[PDB]
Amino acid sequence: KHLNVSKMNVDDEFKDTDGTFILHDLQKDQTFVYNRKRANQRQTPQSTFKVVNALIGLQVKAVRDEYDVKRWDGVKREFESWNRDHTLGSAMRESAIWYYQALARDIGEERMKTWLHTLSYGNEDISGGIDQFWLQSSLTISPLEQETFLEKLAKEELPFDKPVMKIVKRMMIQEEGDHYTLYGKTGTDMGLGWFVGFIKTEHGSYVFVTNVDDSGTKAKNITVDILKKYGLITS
């Protein structure tokens, strides 16, 4: 009764949404892809880039750990959850862009470019500016390239320190149930939505990448519906 990802079908979940979905079974080494053409199209990563930003920032000690506090300046920004003191981990959870812009400025161009080159991270183009390049700007990456990177993060086959990789994966936890742990990060801009991450169950471990012509919230809802359908999200 164990999941064979090659027999999946997600047509129903995408009935009224243009998008792509990738699920990689880490232990069997098997992948399901819906809409391979779209999976190959590069797009701006938006806030899915926080995963990379956090890895590089911890690696070069621009931030100390998931609890490194940056005080809010008191400026009311677009979402109330941004208008508070944040840590590296809480700013990932709430997608507080201002925190990760300060982090990118501290990382700086040279270290950002060098470490981004180790990840095969799409076109690796940061010319849009040190604190702007992942936000509807120069950097683009395809869903397949996101999957390849996240698979290497899951396997810790990246040149980062191992504790750095474990901290960033922990910061991505969205739900810890009795029988599964869901990891993920959303991105959204101009009718393109991402939800990328991992799910660990009692019987397997998986990487997923979802990208849609809709919000990141929609991308996440589609992903959760698929993972529920195939019994990976239960309780």
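All residue numbers refer to positions in the sequence shown, first residue = 1.
The stretch with the higher mean CA B factor, choosing between 189-197 and 176-184, is 189-197. Mean CA temperature factor is higher for 12-20 when stretches 223-231 and 12-20 are set side by side in the entry. Reading the B-factor column for the CA atoms of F149, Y100, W134, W115 in the entry, the top value corresponds to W115. Note on the listed residues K70, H203, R170, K50: the highest Cα temperature factor in the record is that of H203. The PDB entry assigns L119 a C-alpha temperature factor belonging to the highest third of its chain's modelled residues.
Residue-level temperature factors show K76 in the highest third of its chain, judged at the C-alpha atom.
Per the PDB record, residue ranking by Cα B-factor puts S90 in the lowest third of the chain. Annotation for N35: C-alpha temperature factor in the highest third relative to the rest of the modelled chain, per the entry.
Per the PDB record, residue ranking by Cα B-factor puts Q41 in the highest third of the chain.
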